[PDB]
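Residues per chain, in single letters:
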Amino acid sequence: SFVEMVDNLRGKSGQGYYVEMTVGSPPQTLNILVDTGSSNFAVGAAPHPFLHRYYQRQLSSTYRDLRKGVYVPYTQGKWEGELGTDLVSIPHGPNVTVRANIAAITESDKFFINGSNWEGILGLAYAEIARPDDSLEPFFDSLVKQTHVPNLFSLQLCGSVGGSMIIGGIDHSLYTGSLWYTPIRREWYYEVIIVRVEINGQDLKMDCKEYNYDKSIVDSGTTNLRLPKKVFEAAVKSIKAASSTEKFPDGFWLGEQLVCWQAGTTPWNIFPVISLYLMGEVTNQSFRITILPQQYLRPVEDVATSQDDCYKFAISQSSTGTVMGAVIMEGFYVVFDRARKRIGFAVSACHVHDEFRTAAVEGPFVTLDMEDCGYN
Ligand SMILES: COC[C@@H](Oc1cc(C[C@@H]2C[S@@](=O)C[C@H](NCc3cccc(C(C)(C)C)c3)[C@H]2O)cc(F)c1N)C(F)(F)F
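Residues numbered from 1 in each chain as written, not as in the entry; some residues may be left out. Heavy atoms only, no water.

- In the PDB archive, X-ray crystallography is given as the structure determination method for this entry, at a resolution of 2.0500 Å.

So, the sheet that holds strand β19 (residues 297-300)
Line of reasoning, step 1. Strand order in the open sheet formed by three strands is β16-β20-β19, with antiparallel pairing between adjacent strands. Looking at which strands have only one partner, the edges of the open sheet turn out to be β16 (259-261) and β19. Taken pair by pair, the neighbouring strands of this sheet meet at an average axis angle of 40 degrees, ignoring direction.
Line of reasoning, step 2. Pairing of β19 with strand β20 (residues 309-313) involves four bridges; the strand directions are antiparallel. Opposite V300, over in β20, you have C310 as the bridge partner. (Pairing = 2+ DSSP bridges. Helix = DSSP H or I, 4+ residues; strand = E, 2+ residues; numbered from the N terminus. Axes fitted to C-alpha atoms, helices over the stretch in contact; angles between N-to-C directions.)

Things to note about the domain arrangement of the protein
Line of reasoning, step 1. If you check the domain split of the protein, you get domain 1 (17-149) and domain 2 (150-376).
Line of reasoning, step 2. Centre-to-centre separation of domain 1 and domain 2, based on C-alpha positions: 28 Å.
Line of reasoning, step 3. Each partner contributes to the interface: domain 1 provides 22 residues, whereas domain 2 provides 28 residues.
Line of reasoning, step 4. Buried area between domain 1 and domain 2, summed over both chains or domains, comes out near 2100 Å², and the portion from carbon and sulfur atoms is 63%.
Line of reasoning, step 5. Interface area lost by domain 1 to domain 2 is led by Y17, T36 and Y126, which between them contribute 40%.
Line of reasoning, step 6. On inspection of domain 1 and its partner domain 2, the count reaches two salt bridges. (Domains from an automatic or database assignment. Contact = heavy atoms within 4.5 Å. Buried area = accessible area lost by both parts, 1.4 Å probe. Salt bridge = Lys/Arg side-chain N within 4 Å of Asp/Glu carboxyl O.)

Thoughts on the packing of aromatic side chains
Line of reasoning, step 1. Under the definition given, this model contains 27 aromatic pairs.
Line of reasoning, step 2. Aromatic side chains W188 and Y189 sit 4.8 Å apart centroid to centroid with 70 degrees between the ring planes, which places their arrangement in the edge-to-face category.
Line of reasoning, step 3. Measuring from centroid to centroid gives 5.0 Å for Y277 and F365, while their planes differ by 80 degrees, and the two rings are edge-to-face. Of this pair, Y277 sits in strand β17 (residues 274-279) while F365 sits in strand β25 (residues 360-366), and the two are 88 residues apart along the sequence.
Line of reasoning, step 4. Residue classification places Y277 among the buried residues on the basis of a relative accessible area of 1%.
Line of reasoning, step 5. Accessibility expressed as a relative area gives 23% for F365, which makes it partly exposed. (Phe/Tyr/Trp six-rings, centres within 6.5 Å; stacked < 30°, edge-to-face > 60°. Buried < 20%, exposed > 50% of the residue type's maximum accessible area, 1.4 Å probe, protein only.)

Quick notes on the UniProt feature "disulfide bond" in the protein
Line of reasoning, step 1. Judged by the 2.5 Å criterion, the disulfide between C208 and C373 that UniProt reports is present, the sulfurs being 2.0 Å apart. Taken together, the positions of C208 in the loop between β13 (202-203) and β14 (216-218) and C373 in the segment after β25 put the pair 165 residues apart, joining distant regions of the chain.
Line of reasoning, step 2. A sulfur gap of 2.0 Å between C260 and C310 means the disulfide that UniProt records is present in these coordinates. Of this pair, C260 sits in strand β16 while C310 sits in strand β20; the two residues are 50 residues apart in sequence, bridging distant segments of the chain.
Line of reasoning, step 3. When its relative accessible area of 2% is taken as the criterion, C310 is described as buried. (Disulfide = S-S within 2.5 Å. UniProt positions renumbered as here; feature names shortened; annotations may be inferred.)

Right under this line is the structure:
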């Protein structure tokens, strides 16, 4: 019955993907950002310049105050509010209702995005990183505990944008080829291990621990591919060399300045493909996902009145490990198989197009000593 969940996601470029939910009795409708990088379910519950609607606890007969405060500091953005529980449903999701923890957001700073069209966030990761602490049961744990929904979900994020969140299973009509699985290293973030990196077929040749320093996570709430300082520098250097045929302001490589070309003349060919190899399911085995420039050059509306094609560099430097954000996930079907502690990747039905190249998930590869790639 997964067909009812196909295309249940919407979004705007650089502004996340959201699903429709209802909270309270009678049901109040809200759009909720889908975030595999956090574990709190939180909604605007007070007026805000960027909110067109919000959760009104006073109007819900099933609302229960937990009489505890809470705050969450993200990389960028934070909010604080009051904890409580209430009934929650997903109209274009499984046909169930659950009582879940909800953080009612009363104050925030750089959390809500002007024009994003979402009013809350659904953290889909594990209790370990929930605030105030791991005793606050995350939404998906409540869903699985209270219903017969199987303990997994999958995300098809498509390149204003749409996608699918299949709750409780895998919809085989949403991908082509085979699914390749990498272990979830530890259940807090969706942490994985990258074992090799190549750019246009050239190995970066770093200690693979550098790729996962201090962790690597799959995070739908983050837009960019984010890379640890040393890896970022090596990657940009290689990407610059490959595209040196053209000139870019260095504010572009910092993800600040956008670059434009005459509509339809974007020189895709001069930008390399990036291959990330992930730890596999059997001994000394891995697989790779290959990312095209159409993924890491994010389309942005022209600052000028011109109808050029403009882009921002969507790879940026991190001090908290690798983050495989939305631009990596786009064009792949990603299965969060919590039941079997693994994450699967397959080429998405809405895969990214290139004239002479194609995003891919390929294996098996042999890779020795993969355990040594994890950072401790
Ligand atoms: C520019 O934003 C676009 C972004 O909007 C937001 C998205 C988030 C979710 C964040 C995005 S970034 O902060 C990484 C983080 N995941 C890893 C992480 C890093 C630090 C702390 C935590 C804990 C929550 C576990 C404590 C988790 C993730 O959840 C928070 C926000 F405010 C905004 N606006 C959009 F629109 F989704 F693309």
